[PDB]
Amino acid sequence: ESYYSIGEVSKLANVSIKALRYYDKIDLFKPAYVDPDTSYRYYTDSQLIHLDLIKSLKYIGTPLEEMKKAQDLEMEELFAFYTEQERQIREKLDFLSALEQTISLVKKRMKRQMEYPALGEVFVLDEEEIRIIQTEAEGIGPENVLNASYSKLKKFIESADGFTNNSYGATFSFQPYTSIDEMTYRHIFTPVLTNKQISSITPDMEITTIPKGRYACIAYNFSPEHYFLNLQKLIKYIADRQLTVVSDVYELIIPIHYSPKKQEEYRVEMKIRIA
């Protein structure tokens, strides 16, 4: 006849008093006997074995609440249980692994923004392909455009990436605009990350890309009086070197800070493909 003080138990089955104390109250693991005089908790050498399954269970991560009926069942039962437990583990797994990738996609995209060497002048390079989706921007000028203008397409991205548009886009025609009001938005995208089956795409959105062609682009930080010049100087550029234009302009925007705390600024990126 071996009987134990709660201490002993907690020392024996590495456990916190408060833990077991509340396991008693959880009714999962009550002591073999409470001294109705001193409210003290005493357990029997028997009991301990019960502590295994819970340790286990809690290890895996199953609410004590479930651990409740968890005990009751016998082997062929618990076995299936334990497997159900694996379909679970085996689930969250590949879920996150995704993110893992997902981010590693984002990051790269991020760094490639900082890696811009010429802030303010034309950059001309070899770019990669852009899985993106847009709608046709019915009327909206760079002066019109909002965010509420994004809803749908947004609702969509997150619905197939979990991750929202960090990047914001719209395309527009290539012309020697006199003014800003001289240009009105064509299509307005969002960059897609996942290569998963984007389905349920309501036909109002098209699903395509920015090819892996040549680009003559330039970046900066938006400023009204700014934006324009930069576009101007873009125009000049091609017009000068005379290169052959092959798409529209991809002025794409991304914020630099996300702080409510202050004045929102962001980096801009008008780019044009050419051959």
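So that there is no doubt, residue numbering starts at 1 and follows the sequence shown.
Averaged over CA atoms, B-factors in the entry run higher in 137-145 than in the other of 80-88 and 137-145. Stretches 190-198 and 123-131 differ in mean CA B factor, with 190-198 having the higher one. Per the PDB record, 212 has a higher Cα B-factor than any other of 241, 69, 50, 212. By the numbers in the PDB entry, the CA B factor is greatest at 175 among 171, 175, 179, 101. Ranked by Cα temperature factor within the chain, residue 221 sits in the middle third according to the deposited record.
Residue 262: CA B factor lies in the highest third for its chain, per the PDB record.
Remark: residue 75 belongs to the highest third of its chain, ranked by C-alpha B-factor as recorded. Residue 232: CA B factor lies in the lowest third for its chain, per the PDB record. Among the modelled residues of its chain, residue 27 has a C-alpha B-factor that falls in the highest third according to the deposited record.
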